Structure formats: structure tokens, C-alpha cells
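Single chain ahead, written as C-alpha cells, the form deposited in one PDB entry.
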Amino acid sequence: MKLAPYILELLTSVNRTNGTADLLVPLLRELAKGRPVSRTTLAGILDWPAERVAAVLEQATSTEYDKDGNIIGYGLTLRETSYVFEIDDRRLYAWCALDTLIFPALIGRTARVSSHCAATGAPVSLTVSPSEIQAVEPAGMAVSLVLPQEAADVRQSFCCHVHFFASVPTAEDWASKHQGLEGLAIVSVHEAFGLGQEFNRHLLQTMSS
């Protein structure tokens, strides 16, 4: 299928005015350590004034915080979700299926990913590296995509509709009942990993390194 629309709308959500583009990789790498991340820590890493870090995070309405206002979750999170993202010995979580395929190349780490099929509840797992997916169980694993909505809570508009499934036909059966979701598409997990790769290389071209 055509995946350019998904790649395009994904990266315009982060490339938005005061978007997470430049902050994303360092924040993901910090969250990957399994501890809450302060804005002063992020400021020190980015060499940004506190004002700019706060302004970027302000627009990211889905960001998860703790009692101290420290960052607990942005795509990658310390709060339990249905997507388990095990990197090193730490048990972390992601907001959706696609995130788990995207994050490893950005962190520069290999992750053990696991979840359950959204249509049936059957367990699913795979290993995601910076350049490859492996140990895909079951083999015919599929992923749900929707077109991201620009000024909408990313979690409710995108993340909650992006699942793993036991198989393509299983996901196709599920999708036929959810035809009110804009740009809903069923791809294999390998097609979804390629989507993330296209996102990542396009993201890195605009990161002002």
C-alpha cells in the first residue's frame, strides 16, 4: 500500500511549530534509562534555555508527568501500557505498535517487544533493532495504521488505533468493523517497520544536527 501519507503526517506532527523534532531523540534516550526525566536535565543535554524546553513540552499535550512535574512518558513511557518495550534489563512501555518499531533506531538499542493481538488477545512478540526486525511471533503478524490528525491528542487520535495483530486476515476482519477511522490500513509488521525507517531517515534530515 501507499505509506507516504502516513510518513508525511507523522513527521509534520513533530515538525510542527515548537514540535518535539529536536527534543525527541535525547528525551527518548533519557526515558530509556527507566527514570523520570527533569526539564533541567533535558535543558542541560540540549543546551537550551528552560523557556524553550517548556514551550516544546507545552504543545505535546499527551506528555505524562509525575507528582514533581518530571517527565514519565512521551511515546516511550514508565507507565504500563499494552506494548512492552524491554531494553537492557529495564521493563519499559510504548504508546503504540509503531512506536516500538521506531524507537530502537533512535535510541541506538535493540528491544524485546511484546503485546497481545487487539482482535483476539493472542500473545505477540518480536525483536526490534536499529536496522531489522527478527523473532516475529507469529510470523504473519500485522499492524493497524490510521492517518494522524494534526491538532488532535496524538494518543486518542493515533496511538490507540495502532495495534499488533496475530495475522493480516485477522486484522482485516477487525478493520471491516472500524471503517469510521480515517485512513485505516492493515499492513504486515515488516511493512510497518519500513514505514518507521522512512520516518526516521526523514526525521534525521531535519534535526538541525
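Throughout, we count residues from 1 along the sequence that is shown. If you superpose the two forms and keep the largest set of C-alpha atoms that fall within 1.5 Å, you have the rigid core.
Heads up, the form deposited in another entry isn't pictured, but that's what we're talking about next.
- Only one of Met141, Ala171, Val154, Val53 has its C-alpha shifted by 2 Å or more between this form and the one not shown once the core is superposed, and that residue is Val154.
- The rigid-core alignment places the CA of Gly194 less than 2 Å apart between this form and the one not shown.
- Between the C-alpha atoms of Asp153 and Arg52, a gap narrowed by no less than 3 Å is obtained in the other entry, as opposed to the form on display.
- Compared with the form shown here, the C-alpha atoms of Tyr6 and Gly19 sit at least 3 Å farther apart in the other entry.
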